[PDB]
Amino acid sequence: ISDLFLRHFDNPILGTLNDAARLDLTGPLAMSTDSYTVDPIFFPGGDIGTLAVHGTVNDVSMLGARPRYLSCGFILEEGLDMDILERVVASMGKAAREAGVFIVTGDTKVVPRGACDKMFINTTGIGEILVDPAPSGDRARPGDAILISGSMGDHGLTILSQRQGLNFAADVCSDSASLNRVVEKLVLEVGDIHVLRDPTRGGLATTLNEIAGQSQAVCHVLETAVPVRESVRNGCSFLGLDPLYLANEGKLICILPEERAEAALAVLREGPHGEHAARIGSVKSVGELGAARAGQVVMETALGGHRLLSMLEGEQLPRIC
């Protein structure tokens, strides 16, 4: 019934329509999976289709890999508006085409009404790893710079504020974008990249916590150097949110030796949402500050003090992606 798929995704790997798709790929590969439950489904600056491609493209690249192939799996609600599914799949085609990535295989389940809320999408990405060693949450080390690709809090703020009918500044919108090309350039052109990660789940603070944890170092962050859009700042205090824990869908943390840091910003500025790319701190070894412990993230505040950025709260906030 629903075959807008070839009308938006078409390629000879998908259009062979077997139980599995055949892939030609070299050796060491990166694999990643995500499900997408964002509510609502259309919002300023993107949609579930948009997240579904972009976020999985990103997850694959975080291993310093070139994403080549996506697979994808819809769970749709009975009597769901077909125009909606049409728009979402069109979002996906464009995003895939835009990122150089082919959706090669899929599935589609339909469920009675009530059983699911309109639709959900899982996508699974596969790509080829470009370097040895490759970026990894446990490879942050004493003397590395911590860089951010762009502003924090945008995505989370915009769907939290849509879901309450509030509009705020017109310039508050999702940052859903593919960062494969930036990563590709980082790893092959700047080199010796230690950690790549995108602050999606629980925002910058908590992914900084996972890195600090995995590497057994501390992360040092400078509040002022963390770019946050003024309207996102204002949106966040109106609704009582910390933008450093809000989800981002189009951003990346990059952590590498000091020597290569300035060159990695160059690239990052030319990346999506890269106007605001910045060095936000450094990685220091246990007790180097000190007192601050291994697994801990400490921010020098704007006011000349300190703040421990602690892990979530806070099971989550629901359905932001």
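Quick note: we count residues from 1 along the sequence shown, nothing fancier.
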Between 285 to 293 and 269 to 277, point out the one with the higher average CA B-factor as the PDB entry records it. 285 to 293
Per the entry, higher mean C-alpha B factor between 121 to 129 and 156 to 164: 156 to 164
In terms of recorded Cα temperature factor, pick the maximum from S71, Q216, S151, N180. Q216
Could you say whether, by C-alpha temperature factor, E259 belongs to the lowest, middle or highest third of its chain? highest
Classify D107 as lowest, middle or highest third according to the C-alpha B-factor given in the PDB entry, relative to its own chain. middle
Sorting by Cα B-factor within the chain, modelled residues only, which third would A225 end up in: lowest, middle or highest? lowest
By its CA B factor, does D242 count among the lowest, middle or highest third of the modelled residues in the chain? middle
Against its chain's modelled residues, does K185's Cα B factor rank lowest, middle or highest third? lowest
